[PDB]
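First, one chain by itself in structure tokens, the form deposited in one PDB entry.
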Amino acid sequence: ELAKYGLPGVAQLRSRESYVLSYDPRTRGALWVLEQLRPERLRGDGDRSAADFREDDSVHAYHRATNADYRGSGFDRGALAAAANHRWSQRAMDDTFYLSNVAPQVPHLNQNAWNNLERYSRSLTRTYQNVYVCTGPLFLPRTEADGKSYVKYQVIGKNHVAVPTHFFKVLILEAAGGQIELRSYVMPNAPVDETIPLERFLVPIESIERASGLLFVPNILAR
């Protein structure tokens, strides 16, 4: 019936203590990572980073990023579900150090503008009933001098781990009386001036949905 020998590839969801992700074996990185932030989550007893980055043995070795892929690349191991979101448990924080939760990030971005966006996201748990965060890579085309449009991204290491051109982050913010808002950001995988205000990187959710292949607003509007 064509399934006799099984199908050649299906969605790879991974549920960890601190997040759920969907994994793309072609790029060797997550398609998206989903977290729920709340205030009890952000205060410690996790907050030992005595965790090291670890390859994800639940991913077939053909399609698995390793620490050796990153070494000498010039890229940081940039965690999509952030370690500091998950001080509420050591297991929760350790799970953020799986390389399936990680993408090659320009070090300036990882340390400054993206870190600021992560801190801002946590600060909103003081305001909203619930804060959900969906984070992931983008591979965005550009028009080159021949007039044609191309996607171009570096791959690093023997395992050809894809370097995203950009990153997105979608915030779902729950306030009282059933209010639901969506705020969504894109930054380039590049040094980003840390003194640029974060709301300059707001984009409409439709542009992220079109570019990423994902759908956000139908699921949320369904409640």
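Shifts are known only where both forms have a C-alpha. Residue numbers run from 1 along the displayed sequence. Definition used throughout: the rigid core is the maximal C-alpha set that superposes within 1.5 Å between two forms.
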| property | result |
| --- | --- |
| Entry-level comparison of average CA B-factors, 212-220 and 4-12, reporting the higher stretch | 4-12 |
| Stretch exceeding the other in mean C-alpha B-factor - 75-83, 89-97 | 89-97 |
| Criterion, highest CA B-factor; candidates, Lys158, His166, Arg28, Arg48 | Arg48 |
| Selection by C-alpha B-factor (highest) of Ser184, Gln154, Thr195, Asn189 | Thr195 |
| Third of chain Cα B-factors occupied by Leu42 | highest |
| Record-listed C-alpha B factor of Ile180: chain third | middle |
| Ranked against its chain, the third holding the CA B-factor of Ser22 | lowest |
| Modelled-residue ranking by C-alpha temperature factor, third containing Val102 | lowest |
| Chain thirds of CA B-factor: placement of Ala113 | middle |
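The next section is about a form of this same protein that is not shown, the form deposited in another entry.
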query	finding
Only residue that shifts (Cα, 2 Å or more, rigid core superposed) between this form and the one not shown, among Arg183, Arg48, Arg54, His160	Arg48
Core-superposed C-alpha of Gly72 shifting 2 Å or more between this form and the one not shown	no
Cα displacement of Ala145 between this form and the one not shown reaching 2 Å, rigid core superposed	yes
Core-superposed comparison between this form and the one not shown, runs of at least 3 residues with CA shifts of 2 Å or more	45-49, 144-147, 176-178
